[PDB]
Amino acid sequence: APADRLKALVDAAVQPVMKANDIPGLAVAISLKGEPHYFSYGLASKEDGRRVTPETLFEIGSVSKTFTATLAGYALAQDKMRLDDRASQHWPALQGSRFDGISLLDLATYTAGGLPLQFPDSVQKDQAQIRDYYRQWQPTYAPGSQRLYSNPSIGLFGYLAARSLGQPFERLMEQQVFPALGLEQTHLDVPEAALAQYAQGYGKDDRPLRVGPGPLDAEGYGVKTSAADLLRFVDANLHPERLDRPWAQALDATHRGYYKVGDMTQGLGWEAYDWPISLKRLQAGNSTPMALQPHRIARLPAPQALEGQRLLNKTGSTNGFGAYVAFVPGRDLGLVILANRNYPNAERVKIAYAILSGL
């Protein structure tokens, strides 16, 4: 009955949203009282009819920023950097730029002063173009005043964290972070031997879409992982104390809120809400205006522990994929929803809400 109840609950949440958004395949993973549960739907590739499993690789887009924050947490834990460090202390090519006046915290939390959603199309994945972009950049407003969701912002934060550790970002992620987290199905660059597991993404007219190279892609949106591995990451977030001490500290650094915008408390990577809260309020916190418009922040007097009766979440999108992760620390509850369509965030939250309410 409990298997049937749980399959009934997840089916009732997922199936209508998959039909309504024409999602070819979707993988759900739930952590409930320290037990994993997997629900797999539809097709990883329509063309060959490969089915979604808990080992299928999906692009998770901006959920990658929670990994980036974890590498920064590790640099913090090892005293290689501090959140109030000036950005240019960690990259000489930025010295003399406006990044002399911008903290790592500002970049991490999108408050550096109007760094845009994306690098402009003119900036390719090239070290010199990225250096020249940041050197010439000027804030639109005061650092620390307005949140504007930004790849270049948290991207630079992860790149500087990696420089502080004396190694490239992508090497640190593959050689240190993923192994420390027990993640063997999590990739920035999918190995040839694992390509059979990589789902096809679908956009308008079902055009096939896997993410192409871009400046600080790894930092902003580069992760491919399975529902099984992303739920392991969620379980590490729910129990940092089970990891070796420096990684425990790295994960705790991602559970600290610095400011509020509406119902949302901004941490490093993770965005937090009180729990319970209405579905409409959780959808609004993950809405298009929150991604695309600047918002004045309400700074907290001291960083707040993101634990207890709160929901921590992150949405992630690429042109072909739509991911959502959410966990409730105080209820030992975790959830991963990976899909091979970029379907609206409101719809991803609709599935999660139905599941989390059901439990």
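All residue numbers are counted from 1 along the displayed sequence.
When 133-141 is weighed against 216-224, 133-141 comes out higher, by mean CA B-factor as recorded in the entry. The stretch 31-39 shows the higher mean C-alpha B-factor when 315-323 is compared against 31-39 in the entry. For the set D206, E271, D263, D229, the maximum C-alpha B-factor listed in the entry falls on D206.
For the set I297, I60, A69, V328, the maximum C-alpha B-factor listed in the entry falls on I297. In this PDB entry, the Cα temperature factor of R341 sits in the middle third of its chain's modelled residues. Per-chain ranking of the deposited C-alpha B factor places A3 in the highest third. Ranked against the other modelled residues of its chain, the C-alpha B-factor of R348 as given in the entry falls in the lowest third. Looking at the C-alpha B-factors along this chain, the one for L279 belongs to the lowest third. Placement of the Cα temperature factor of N286 within the chain: lowest third of the modelled residues, per the deposited record.
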